[PDB]
């Protein structure tokens, strides 16, 4: 697919970052090339509409790199975007959830009024690795009694089996790397 090629050709892979042995998939060039960014958002939007029709109520974007994609994706679908943030950043009543990140623990947080019970959400982030981040997002959304229809990303690192961590919540990525 030519649209997909526009995205794939703008991922830049850095070896041994942030640790020896790991390859970092840099999405910066996708952002920098407006045709590449437009293609990425279009491909995600087409998958979501083809899969869920009118069922999606909101997109949820994940702090921080997921913020690059959430609002544009929401806009393309005619939807609003809600935020899930690293803990400590949101005012008002919140819920939070730990997850393992690198060698330690981090927490995500959501405003308690971000969604109402029964609302249907799709979560977007730039990249799925271990799945810890996306899994925490799903936990939070579940605790608001929201229904997570699907999680999506630009990049998926398939050897880390993040998709399995999210099951039974469906997952879709544009691009896959070991």
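Positions refer to the first chain, counted from 1.
Of the other PDB entries compared that resolve residues on either side of residue 102, does at least a third omit it? Across the other compared entries, residue 102 is absent from at least a third.
Where do the C-alpha atoms have the higher mean temperature factor in this entry, in 105-113 or in 149-157? Per the PDB entry, the higher value belongs to 105-113.
Would 167-175 or 1-9 have the larger average of its C-alpha temperature factors, as given in the entry? On average, C-alpha B-factors are higher across 1-9.
State the tercile, meaning the lowest, middle or highest third, of residue 54 with respect to the CA B-factors recorded for its chain. Within its chain, residue 54 is a highest-third residue by C-alpha B-factor, going by the deposited values.
Comparing against every modelled residue in the chain, figure out the third that the C-alpha B-factor of residue 85 lands in (lowest, middle or highest). According to the entry, residue 85 has a C-alpha B-factor in the chain's lowest third.
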